[PDB]
Amino acid sequence: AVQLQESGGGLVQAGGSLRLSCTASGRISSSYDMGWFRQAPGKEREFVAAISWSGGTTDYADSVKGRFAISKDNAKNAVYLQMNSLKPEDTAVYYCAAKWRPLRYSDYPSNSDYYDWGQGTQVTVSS
């Protein structure tokens with residue numbers, strides 16, 4: 001029931017940076033994880049990063065290697081993905097997602113099985 005909308009996509013030069021934003025149309029309650037996924041041309045969708053909405057713990061895909069940072073602003077119902085040192089490999093549609101986890105065992109966020117999805121924003125990194 002959380003409705004998600006991404007923004008910030010576009011063309012960026014290799015080695016460059018870009019910040020993506022995602023806002024939920026309503027309030028995101030305390031047990032959510034918020035995350036980013038991406039789908040490259042002809043490839044399977046894959047996890048990028050996640051953050052616990054109330055707890056702040058993060059998780060990143062190996063493909064990130066410290067180049068991307070996920071952050072949030074609870075007061076704005078927003079999650080962000082700061083992308084640095086962009087490479088052609090990073091060309092993809094980037095999706096904001098939410099996962100309600102009321103029975104979670106810890107604050108460490110999920111990297112799979114997200115249920116609410118944005119429509120995606122396209123990022124093109126030029127060689």
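For the numbers below, each heavy atom of this structure counts, side chains included, while hydrogens, waters and symmetry mates do not. Sequential numbering from 1 along the given sequence is applied to the chain's residues.
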Of the non-hydrogen atoms in [X] and [Y], which two are nearest, and what is the gap between them?
| X | Y | result |
| --- | --- | --- |
| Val93 | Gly120 | CG1-CA, 3.7 Å |
| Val123 | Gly9 | CG2-CA, 4.2 Å |
| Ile51 | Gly56 | CG1-O, 3.8 Å |
| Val12 | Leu86 | CG1-CD1, 3.6 Å |
| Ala14 | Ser127 | CB-CA, 4.4 Å |

CA sep, side-chain torsions, deciding dist, call: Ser17, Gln82, side-chain contact (heavy atoms from CB on, under 4.5 Å): CA-CA 8 Å; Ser17 70; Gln82 176 68 54; 4.0 Å; yes
Got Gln39 and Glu44 here, is their nearest side-chain heavy-atom distance under 4.5 Å?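 In short, these two side chains do not touch, never coming nearer than 4.5 Å.
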Taking C-beta and beyond as the side chain, do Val125 and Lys87 meet within less than 4.5 Å on heavy atoms? no
Return each pair, listed once, that meets disulfide (SG to SG under 2.5 Å) where at least one residue sits in residues 34-65; pairs must be two or more places apart or across chains. none
Applying disulfide (SG to SG under 2.5 Å), which residue pairs with at least one partner in residues 7-108 are found, sequence neighbours left out? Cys22-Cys96
Which residues pass the side-chain contact (heavy atoms from CB on, under 4.5 Å) test with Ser7, not counting sequence neighbours?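 Listed in chain order: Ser21.
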Please say whether the positively charged group of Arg19, taken as NZ for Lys or CZ for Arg, lies over the ring of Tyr80, i.e. under 6.0 angstrom from the six-membered ring centre and within 45 degrees of the axis. yes
Would a single hydrophobic cluster contain both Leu81 and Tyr95, if residues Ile, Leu, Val, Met, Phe, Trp and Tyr are joined by side-chain heavy-atom contacts under 4.5 Å? no
Interatomic distance, [X] atom [atom1] to [Y] atom [atom2] [nearest 0.5 angstrom]:
| X | Y | atom1 | atom2 | result |
| --- | --- | --- | --- | --- |
| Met34 | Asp116 | CE | CG | 8.0 Å |
| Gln122 | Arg38 | CD | CZ | 13.5 Å |
| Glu46 | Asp62 | CD | CG | 10.0 Å |

Chi angles and distances behind the side-chain contact (heavy atoms from CB on, under 4.5 Å) call for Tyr60, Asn111: CA-CA 8 Å; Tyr60 294 90; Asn111 66 7; over 6 Å; no
Got a sec, which pairs hit side-chain hydrogen bond (donor to acceptor under 3.5 Å, both in side chains) with one end in residues 97-109, sequence neighbours left out? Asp33-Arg101, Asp33-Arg104, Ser52-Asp107, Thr57-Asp107, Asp59-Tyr108, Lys99-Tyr115, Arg101-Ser110
Applying ring pair (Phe, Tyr, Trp, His ring centres under 6.0 Å), name anything that partners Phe37, two or more places apart in sequence or on another chain. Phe47, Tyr114, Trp117
Which side-chain N or O atoms in residues 65-75 pair as donor and acceptor under 3.5 Å with protein atoms at least two apart or in another chain?
{"residue": "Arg67", "atom": "NE", "partner": "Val64", "partner atom": "O", "Å": "3.3"}
{"residue": "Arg67", "atom": "NH1", "partner": "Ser85", "partner atom": "O", "Å": "3.0"}
{"residue": "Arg67", "atom": "NH1", "partner": "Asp90", "partner atom": "OD2", "Å": "2.8"}
{"residue": "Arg67", "atom": "NH2", "partner": "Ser63", "partner atom": "O", "Å": "2.9"}
{"residue": "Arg67", "atom": "NH2", "partner": "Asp90", "partner atom": "OD1", "Å": "3.1"}
{"residue": "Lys72", "atom": "NZ", "partner": "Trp53", "partner atom": "O", "Å": "3.2"}
{"residue": "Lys72", "atom": "NZ", "partner": "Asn74", "partner atom": "OD1", "Å": "2.8"}
{"residue": "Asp73", "atom": "OD1", "partner": "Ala75", "partner atom": "N", "Å": "3.2"}
{"residue": "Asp73", "atom": "OD1", "partner": "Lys76", "partner atom": "N", "Å": "3.4"}
{"residue": "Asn74", "atom": "ND2", "partner": "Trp53", "partner atom": "O", "Å": "3.0"}

Do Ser126 and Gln13 get their side chains close enough for a donor-acceptor pair, meaning under 3.5 Å?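 The criterion, which ignores hydrogens and geometry beyond distance, is satisfied for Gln13 and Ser126.
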Any donor-acceptor pair under 3.5 Å linking the side chain of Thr91 with the backbone of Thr124?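 No; judged by distance alone, with no hydrogens or angles, the pair does not exist.
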